[PDB]
Amino acid sequence: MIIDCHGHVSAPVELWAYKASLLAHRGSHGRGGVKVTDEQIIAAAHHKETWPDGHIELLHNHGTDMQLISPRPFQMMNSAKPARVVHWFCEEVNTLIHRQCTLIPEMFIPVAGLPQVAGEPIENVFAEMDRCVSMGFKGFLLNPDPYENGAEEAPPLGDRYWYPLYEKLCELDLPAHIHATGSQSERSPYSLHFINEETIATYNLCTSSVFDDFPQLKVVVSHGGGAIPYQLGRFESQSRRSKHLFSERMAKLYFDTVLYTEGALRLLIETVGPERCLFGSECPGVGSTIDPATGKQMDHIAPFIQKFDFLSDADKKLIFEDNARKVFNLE
Amino acid sequence: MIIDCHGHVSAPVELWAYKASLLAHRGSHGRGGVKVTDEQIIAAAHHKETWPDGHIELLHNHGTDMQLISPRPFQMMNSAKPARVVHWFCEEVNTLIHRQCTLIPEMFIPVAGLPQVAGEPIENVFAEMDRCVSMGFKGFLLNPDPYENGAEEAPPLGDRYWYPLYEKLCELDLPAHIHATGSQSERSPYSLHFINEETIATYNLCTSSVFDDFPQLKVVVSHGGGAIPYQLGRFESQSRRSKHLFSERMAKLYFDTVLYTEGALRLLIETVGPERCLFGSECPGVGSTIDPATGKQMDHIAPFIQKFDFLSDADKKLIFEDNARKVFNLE
Amino acid sequence: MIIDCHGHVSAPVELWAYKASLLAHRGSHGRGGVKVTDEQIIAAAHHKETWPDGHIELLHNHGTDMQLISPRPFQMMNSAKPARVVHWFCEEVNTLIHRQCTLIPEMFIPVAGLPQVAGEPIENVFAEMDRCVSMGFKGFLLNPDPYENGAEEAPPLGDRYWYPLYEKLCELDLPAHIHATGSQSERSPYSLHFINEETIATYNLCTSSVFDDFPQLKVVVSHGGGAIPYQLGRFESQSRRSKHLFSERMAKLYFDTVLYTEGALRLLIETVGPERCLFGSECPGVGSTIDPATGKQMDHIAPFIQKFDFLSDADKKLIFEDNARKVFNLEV
Amino acid sequence: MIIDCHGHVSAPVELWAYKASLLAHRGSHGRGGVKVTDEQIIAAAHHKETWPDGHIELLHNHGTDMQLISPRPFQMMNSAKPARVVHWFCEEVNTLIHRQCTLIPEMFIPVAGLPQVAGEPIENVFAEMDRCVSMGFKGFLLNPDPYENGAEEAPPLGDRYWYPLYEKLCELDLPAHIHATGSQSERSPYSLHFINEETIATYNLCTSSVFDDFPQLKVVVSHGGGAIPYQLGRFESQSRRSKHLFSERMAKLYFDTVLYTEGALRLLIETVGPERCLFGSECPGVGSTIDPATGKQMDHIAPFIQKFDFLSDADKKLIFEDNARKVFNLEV
Amino acid sequence: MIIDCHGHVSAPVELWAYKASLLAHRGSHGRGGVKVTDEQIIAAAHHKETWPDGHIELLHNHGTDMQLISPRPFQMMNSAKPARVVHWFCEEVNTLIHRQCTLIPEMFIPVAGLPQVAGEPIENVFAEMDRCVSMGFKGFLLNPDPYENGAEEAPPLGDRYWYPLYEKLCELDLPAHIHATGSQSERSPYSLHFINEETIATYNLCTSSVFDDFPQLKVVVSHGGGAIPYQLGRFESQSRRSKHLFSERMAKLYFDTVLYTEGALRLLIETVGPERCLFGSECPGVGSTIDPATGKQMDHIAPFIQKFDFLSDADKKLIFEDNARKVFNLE
Amino acid sequence: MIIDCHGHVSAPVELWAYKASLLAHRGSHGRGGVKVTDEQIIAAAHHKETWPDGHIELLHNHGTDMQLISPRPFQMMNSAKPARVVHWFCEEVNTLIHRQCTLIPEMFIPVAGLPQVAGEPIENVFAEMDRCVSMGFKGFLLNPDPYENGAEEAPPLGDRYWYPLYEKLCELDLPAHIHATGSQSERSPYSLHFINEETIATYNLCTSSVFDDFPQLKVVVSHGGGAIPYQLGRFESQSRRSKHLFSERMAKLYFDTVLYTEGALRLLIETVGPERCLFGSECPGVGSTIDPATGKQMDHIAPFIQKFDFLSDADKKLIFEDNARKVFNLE
Ligand SMILES: CC(/C=C(\[O-])c1ccccc1)=C\C(=O)C(=O)O
Ligand SMILES: CC(/C=C(\[O-])c1ccccc1)=C\C(=O)C(=O)O
Ligand SMILES: CC(/C=C(\[O-])c1ccccc1)=C\C(=O)C(=O)O
Ligand SMILES: [Zn+2]
Ligand SMILES: [Zn+2]
Ligand SMILES: [Zn+2]
Ligand SMILES: [Zn+2]
Ligand SMILES: [Zn+2]
Ligand SMILES: [Zn+2]
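Residues numbered from 1 in each chain as written, not as in the entry; some residues may be left out. Chains lettered and ligands numbered in written order. Heavy atoms only, no water. Residues with missing side-chain atoms left out of burial classes, pairs and counts.

Looking at the method and resolution fields of the entry, one finds X-ray crystallography and 2.4000 Å.

Here is the structure:
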């Protein structure tokens, strides 16, 4: 089968209106919450909206059997104040993902957002993690820039600021899916910030002692590692002047295949090997447009991997399901 | 012949001491200047230093016949204060590069740094440009982040802040060579900041109307365009939702081949085409380490391009000299 | 008839989702816009939402014949970055209001928000004002604190920063309706910031030369003038030292009656007079809860004014329609 | 008798000069102190200053028998640096008040200021409180905005930042008298910031669990509660969603009657009841100007309360003495 | 006779209470002003207060015939906000000095404060200067640090920011008396800040083109030039590496003799010469204490100058009156 | 003999290049270190550079027999970021001074810089102190303004922030040598900042209870105490109003004689006494210019002190060696 490990929830419109409300009253109305029926959630999983077809129908047309759906990361406003609106909105997004996956278990698998408030100690997400574990969540999006390209930065991923999280992720044996959220920059909007932050997080993890101290830490890097597989040479060369090679740590990482050109998919898989690649597409999303040359949808990239003549059937099965089954502890 | 369009001056130690001195007295001793002889300038280009050999010796070994040399960008301190030390140090480095390329015209071709002070209008570099144009300089390093990964950032390259510079570059029909300088981030050291800044600059140039207003502007993006050829799919798909495709703007851009893996070189050349690639290696520097297994130096990448079977000998001539002669107006 | 001069649009949820999206991509998707059909705009004016009944049904129950609807001001994020998102959102809200008033003209009258970006010159709203003027809009919400209780504040209303706007309004003979937006303070939330900012704006206007320089300027202060009618004594006393009395300038101002206690309404009307009071309720909204002692909604305040012994039927007609009809240039 | 619970010290000019000097040398001359004789402290309570007559003469004319005098709060510079100057000045004002009440005991009762330094833990006032408690002081002015309308603000009164103080006050069975100090805003000067901060403090106290955790806490809000009695309806309505009604907590609060209009006094008394109103005038002060329509000083408000038809003589005795005598632990 | 050129007004207490009031209501009460009778001002000139005797009586005991009285500079709060309180308080101090000098013309001469608001253009003092010229004022205190040792600095005295003032001072042929005001620093309180700022202002004036561009500019530096006469050597040595000597400019400056040790007075006079020294004492003030060795008052320094055996009677007359007569255009 | 207690290392050019390199890569290349031979270290002390002659040659000519050398303070960049480059550069300069004084024990005696990072607790220098104590260092340069004339400043020297250091200095019975470093001010260049900071530090030490708590603490103030001996009168008069006279605290202090005018030298020695003066010249440096009239070099000041008639030969022995031997524990 084909399990897509990088998907984002198609939610009822009421969720985003709840965000607007929280930002309007900033808590003076109390927490409240999203009021939507199961019917409305299911219908949201079918609504066309801005995509060529519905979420479910698109996955069906592309042969994707199941998909791990997480929050749409650029809505999560990790730099917004006050902090409690960040926490509340994260919790409600997670609740809605849980409801949708319970209503549509034949396709959708839950992955959780973290209520990362810029500047707060990472411990402040543990409670929500616990709530999500009980609800059956299979992973967590880890944002390396809760400041959302502001004037300040979070510590690098090798800083012990993040160590309490790694510990917990190993106790649960659940993965962190690197994903930045929004960006306050006029130069670098969110979709490009994703790439730069993936590059930075990978670099941090591959030039620190994280994997010495948490050898079972499972990390999936979004969008084929940002820039790293393409730029691996300079970083390996510079890592020679040190006690560990960049590739030494990088061999511990997993990467999803959210890349919309055959050449990039080929380079990713040849660089890290099928043992460390998990099929992903972000369909529906950035890539849900039609290539005017072929008429196909750009995020319908499974056939590119299925036709690579340098991968065995075992390697393609690793990429399409087994790696996801292990990393996300899927039933 | 082989022309390397991305090299950095091996300078006598007195230049860096002059930088330190300027920062120490901050102008209270006057402008002063570097004090070195022609002999010391020539000797610097043969001294081993940390490299496996002298700059010129490594070029001779790798088969490189001429190299365009610019300042070592991470020393240019565009965010340093007061402004006058940034200007003065840029001026002295340019004067020294001029002296070296006049003393050794067989190997070296001069490329200038711009005295970009964070927050200053871009026109404040024009004077220095003129001076360098009178000294035979063939291009300019354009830093998209003169704030050097600080609390603030400059406007995106599509902003009209930069338009006075594009004008002048078209007036001179000379190219800009995109290259960041330092990085103040504890997460992102300068060598990774290079890549991210190239990604951002290319994105700005390909999502704005710069090339509609300056069709003749010549721009060379360093390090194979950061993440862009690898991440082209998502940005092209997103651009489909606008009036001009990312690809039609990117077709106007040139990229150098400072990539230290065969696979990345292949991906670059197959994505942008040999008509838009200029050979470059940054030898000596980040890539001047010996692969302990295969015995060769990582920045010795000309043979990779020579052996690509999908390139004709004319395509290889383009990559190795003709594009450089056209873009940098080489004699 | 009964005209309610202080109402806020009951809009389809797609509008608030559009706000969320604008904040999410900060303009990198383009302006885009609210995509919503006429039938959705109509249905939103009847949906119960968190109120006991729909907007229109409530106005019917309370006997209100027409309401001037403006944006829900605590959503207008005047302090948000980048500036273009606050401009775009204000514009979208204005056009949606225009559409709703065009579709339900027997009930709703359009009042526009201003795309006030904290720190921008006020002239930057004119382009939108002009547009709204050609769409038939009858007034503009004026926010004295576009910084939304931040680390900085805007100039007081007496400062010449605002004088271009005061000029244009007089050019148009259309009123400003003082209304604050959001509040970033952890001490003073938006509903209380409304009152504090009404107090500050009224004080600014009654201690400067705005009305000397703009005699025909029409200004309606929300929520019965905040604290001023209750605290008028101290301000009058301190003004005695000045060249003009506080009351001298205050008499040029209009106030709406959005007060949810009979005593407050009595004080307001007895303080500023029926010639300067315009009926308003903000129904549905903060006051749309049941007073258990009466069983009636707290914002069903028209009967209090109707049953005031100290007002003639002509004064009540001023409060309930004539004043609004003249201040907001309404048709008849 | 008539006890005025809101008065401010008429002090010799040497005190304000001492403030100026403290700001001038910022402590490099040492703490020093106000150097002023008993005769000067007495003379200051009779000097006309900018008022029509002396402090004591005015209180005599108005029929006030005793007044609780506290610091002039707009001078206490809680946002000034370095912290030690605000501490020293508060201490000096407190001791001068103590001396004046010791010299004129038939008229004046001491109420202390707190040396609140913006950003300091509240515990840093305890040492002064203790001292004032041993000097016979009967209450403390509590400033909810020691930042004085700056770029930052203090925690709301419901925050545990204030809980130590609430504890100590209950330990002492002495009241806090809500009063803001200065205002750095160019829109909202100090006299209006008083009202806005009273509104914010009252809202904080009526929407938190302060009175659940400190049931016997005695709090007197200045100037008739700012805007709250006039704007109570909206806050009650919004509180309905909470677990406690706004009025539920508001009933635990006391308010002084420093309002210079008959209508405002009527509203206050009818809203909170005579059991929670303490007569206060701030005479001499902002209200010490002549109402031309009456010839009487605007802060001569006791007759309004005396002539209210809807109050028994016993309710008026509560307002004029019993409530102050019980809240401020006064002798008889 | 003995004319003391550095004195500060002994004002009625009502002035400082007016300062406190302005800072309390910040303008909401309107400008207002100081209400004091002539009798009260005269009495203030006699009040003991904190000094061993009254101002007038102290000048009498020391043989000082007349004294130029200016504001007490550390009260002038040039960094306070809003600006109008700074302007108003300056104007009222000047009005009171004018009244006192008119009431006591047998001794007191008026010198004016400038309403210098940190960050405002210097032109904003011209109006008050004019008001003071009409009232007969003989000079102006010039503060080189209106920021009062804050996080920011004013431009150096050679910056053209100050040029409109110099121009005006030459049109009036009236002097600037360098005097800092207050200091917000915990390290360096006002009395020491005076010294450091005198040093900085002198350095600025002696390493810039001020005296090239305003050759008739009259400047009196307080407290014997801060540190400069004592430290003149290093600055002269460093000025040799430049187009003008430090002493070249320094010869244009005047210095007052507010120094309370014989050795410092000797060094000042021997360094700059009697032609450029104006007698000053700041009595009553910092120096109004008793030397327990001699019983004399430390600011009774006229006899030190009268007994120096290296000065002629003409030099002592230059120091004690003629220089003041010329510089301050005294009747 | 003549011992000069205020000299600064003439270092090989590679040290300043190492500073520039550290600032360029900000630690991403690791600590590294200066790479110079014993021969280059020795040659640096004989190279003319800008001086009229080599460092050692000038010392020989002036009659100086030994000199205590410390870092050139204006290069130590105590306000630079990140902290680790400040620490590393201080450590390398100290190691180089150690190498030079071990190679040339006839002339040079080692004095250490402190790795003071602005805002760091002072205890963060103790480690380095210990290392230097194991290398035979005889004192430490104490910078009162590690913020280098910035928006912020450190606590005054009387604040208990510094008390841990006083303790250690008494534990080692070694002295602090007050000396500022750089200055970010556009009004006050580093050479004037030296003087002002010495004034402030001396004032703090003489108006606080430091010497009541550390009676044995040894402190040497540079440049004759900035302004203090010249401005002593006002501060003594002000201190009379307190519990301890300025003079009784100042009597515990030592001062060096880095003054380039005879008159200032005289004033210093007559104010503080020969029992508290240590000869010092800062030769070569700011004072190494030739008086074009009198032919001699300005920092050749030993003869001035030799010719003072009011000093006995024992007083001159104190100034020229004994005080230095006692304070700096010289062998
Ligand atoms: C600035 C830079 C520096 C080095 O290569 C380098 C220098 C010294 C030691 C080791 C490496 C490279 C580039 O600009 C580039 O990568 O294009
Ligand atoms: C402002 C000033 C203050 C005093 O003189 C003073 C004031 C009150 C008590 C004690 C001293 C001195 C100077 O400006 C100067 O020293 O020139
Ligand atoms: C830092 C310093 C620098 C010079 O002397 C100097 C250096 C290079 C060229 C010219 C002068 C001196 C002192 O520390 C001092 O004055 O004590
Ligand atoms: Zn994603
Ligand atoms: Zn490069
Ligand atoms: Zn409203
Ligand atoms: Zn009061
Ligand atoms: Zn003075
Ligand atoms: Zn030195």
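Having seen the structure, we can now continue with the description.
The next subject is the UniProt feature "binding site: Zn(2+)" (unreviewed entry) in chain C. Residue and element names in this part refer to chain C. Feature annotation in UniProt assigns "binding site: Zn(2+)" (unreviewed entry) to the following positions: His6, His8, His179 and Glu282. Despite a sequence span of 277 residues, these residues sit close together in the fold, their greatest C-alpha distance being 12.0 Å. One can find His8 in strand β1 (residues 3-8). Relative accessible area serves as the criterion here: at 2%, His8 is assigned to the buried category. Non-local contacts of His8, meaning those with residues more than four positions away in its chain, are made with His55, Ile69, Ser70, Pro71, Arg72, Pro73, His179 and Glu282. Reaching out from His8, the side chain makes a polar contact with the side chain of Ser70 at a distance of 3.0 Å. (UniProt positions renumbered as here; feature names shortened; annotations may be inferred. Helix = DSSP H or I, 4+ residues; strand = E, 2+ residues; numbered from the N terminus. Buried < 20%, exposed > 50% of the residue type's maximum accessible area, 1.4 Å probe, protein only. Contact = heavy atoms within 4.5 Å. Polar contact = N/O pair within 3.5 Å; in protein donor to acceptor, adjacent residues only side chain to side chain.)

Bringing the site of ligand 2 into the picture now. Close to ligand 2 lie 15 residues, the nearest being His6(E), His8(E), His223(E), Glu282(E) and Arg234(F). At the site occupied by ligand 2, the surrounding residues belong to chains D, E and F. One of the side-chain nitrogen or oxygen atoms of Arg72(E) is found 3.1 Å away from an oxygen atom of ligand 2. Coverage of ligand 2 by the protein chains reaches 91% of its 430 Å² of free accessible surface. For the shell around ligand 2, the elements supplying multiple residues, two or more each, are β1 (3-8) and α7 (190-206) of chain E. (Near = heavy atom within 4 Å. Areas by Shrake-Rupley, 256 points an atom, 1.4 Å probe, with all protein chains shown as cover.)

So, about the relation of the copies chain A and chain B. Once turned by 179° and shifted 0.0 Å along the axis, chain A lies on chain B with an RMSD of 0.2 Å. Taken together, the turn and the small shift mark the pair as related by a two-fold rotation axis. The overlap is high: 96% of the interface residues of chain A also sit at the interface in chain B, so the same surface is used on both sides. (Least-squares fit on C-alpha atoms.)

Attention now goes to the interface of chain A and chain B. Taken together, the contacts link 52 residues of chain A with 53 residues of chain B. Of the roughly 4,400 Å² buried at the junction of chain A and chain B (both faces included), carbon and sulfur atoms supply 55%. Counting the contacts that link chain A with chain B gives 4 salt bridges. The salt bridge partner of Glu197(B) is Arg187(A), with a shortest N-O separation of 2.6 Å. For the pair chain A and chain B, the number of links is 21 residue pairs in polar contact. When residues of the side of chain A that touches chain B are traced back to their parent elements, those giving at least two are α7 (190-206), α9 (228-239) and α11 (262-272) of chain A. Among the elements that make up the side of chain A that touches chain B, the one with the highest residue count is α7(A) (11 residues). (Buried area = accessible area lost by both parts, 1.4 Å probe. Salt bridge = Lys/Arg side-chain N within 4 Å of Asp/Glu carboxyl O.)

Once that is clear, we can look at the pattern of salt bridges. If you walk through the whole model with that rule in mind, you get 100 salt bridges over all chains. The salt bridge partner of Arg187(B) is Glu153(A), with a shortest N-O separation of 3.6 Å. Of the two residues, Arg187(B) is situated in the loop between β6 (176-178) and α7 (190-207) and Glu153(A) in the loop between β4 (140-142) and α6 (163-172); the pairing between them involves two chains. Using a relative accessible area of 33% as the deciding quantity, one classes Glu153(A) as partly exposed. A single salt-bridge network, built from bridges that share partners, covers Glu262(A), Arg266(A), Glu270(A) and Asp309(A).

Now for the site of ligand 1. Lining the immediate surroundings of ligand 1 are 15 residues, of which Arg234(A), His6(B), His8(B), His223(B) and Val286(B) lie closest. One chain alone does not account for the residues near ligand 1; they come from chains A, B and F. Residue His6(B) places a side-chain N or O atom 3.1 Å away from an oxygen atom belonging to ligand 1. Measuring from an oxygen atom of ligand 1, one finds a side-chain N or O atom of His179(B) at 3.2 Å. Burial of ligand 1 by the protein amounts to 91% of the accessible area it has alone, namely 430 Å². Listed by contribution, the elements that provide at least two residues to the shell around ligand 1 are β1 (3-8) and α7 of chain B. Within the shell around ligand 1, the residues separate by chemical class into 6 nonpolar, 6 polar and 3 charged. (Nonpolar A, V, L, I, M, F, W, Y, C, P; charged D, E, K, R; others polar.)

Attention now goes to the pairing of strand β2 (residues 66-70) of chain E. Residue and element names in this part refer to chain E. A large share of β2 lies buried, amounting to 5 of its 5 residues. The side-chain alternation of β2 yields two buried faces, one formed by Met66, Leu68 and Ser70 and the other by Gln67 and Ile69. Pairing geometry for β1 and β2, over 4 bridges, is parallel. Considered in β2, the bridge of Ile3 is made with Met66. Across 3 bridges, the pairing between β2 and strand β3 (residues 108-110) is parallel. Directly across from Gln67, in β3, lies its bridge partner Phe108. As a crossover connection, the stretch from β2 through helix α4 (residues 83-103) into β3 is right-handed. (Pairing = 2+ DSSP bridges. Right-handed = clockwise from strand over helix to strand, strands pointing away.)

So, about the environment of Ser10(F). All names here are of chain F. Structurally, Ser10 can be placed in the loop between β1 (3-8) and α1 (13-25). Put simply, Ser10 and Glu270 are 260 residues apart on the chain and 33 Å apart in space, counted from C-alpha to C-alpha. The contacts of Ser10, once residues within four sequence positions are left out, are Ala44, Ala45, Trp51, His55, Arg72, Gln100 and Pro284. Here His55 takes part through its side chain, which lies 2.9 Å from a polar atom of the side chain of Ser10.

Moving on: the UniProt feature "binding site: Zn(2+)" (unreviewed entry) in chain A. Residues and elements named next belong to chain A. With numbering aligned to this structure, UniProt lists the feature "binding site: Zn(2+)" (unreviewed entry) at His6, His8, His179 and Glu282. For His6, the position within the fold is in strand β1 (residues 3-8). Aside from chain neighbours lying at most four places away, what touches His6 is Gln67, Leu68, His177, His179, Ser222, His223, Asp256, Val258, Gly280, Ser281, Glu282 and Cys283. Once residues lying within four places of it in the same chain are set aside, the contact partners of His8 are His55, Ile69, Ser70, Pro71, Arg72, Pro73, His179 and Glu282.

Residues and elements named next belong to chain A. In the first shell of the zinc ion (ligand 4), the protein supplies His6 (NE2), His8 (NE2) and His179 (NE2), at 2.0 to 2.1 Å from the metal. Sequence spacing of the donors to the zinc ion (ligand 4): H-x1-H-x170-H. Of the two residues, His8 is situated in strand β1 and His179 in the loop between β5 (176-178) and α7; the sequence distance between them amounts to 171 residues. You can call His8 buried: its relative accessible area is 4%. (Donors = N, O, S within 2.8 Å, 3.2 Å for Na, K, Ca; no water.)

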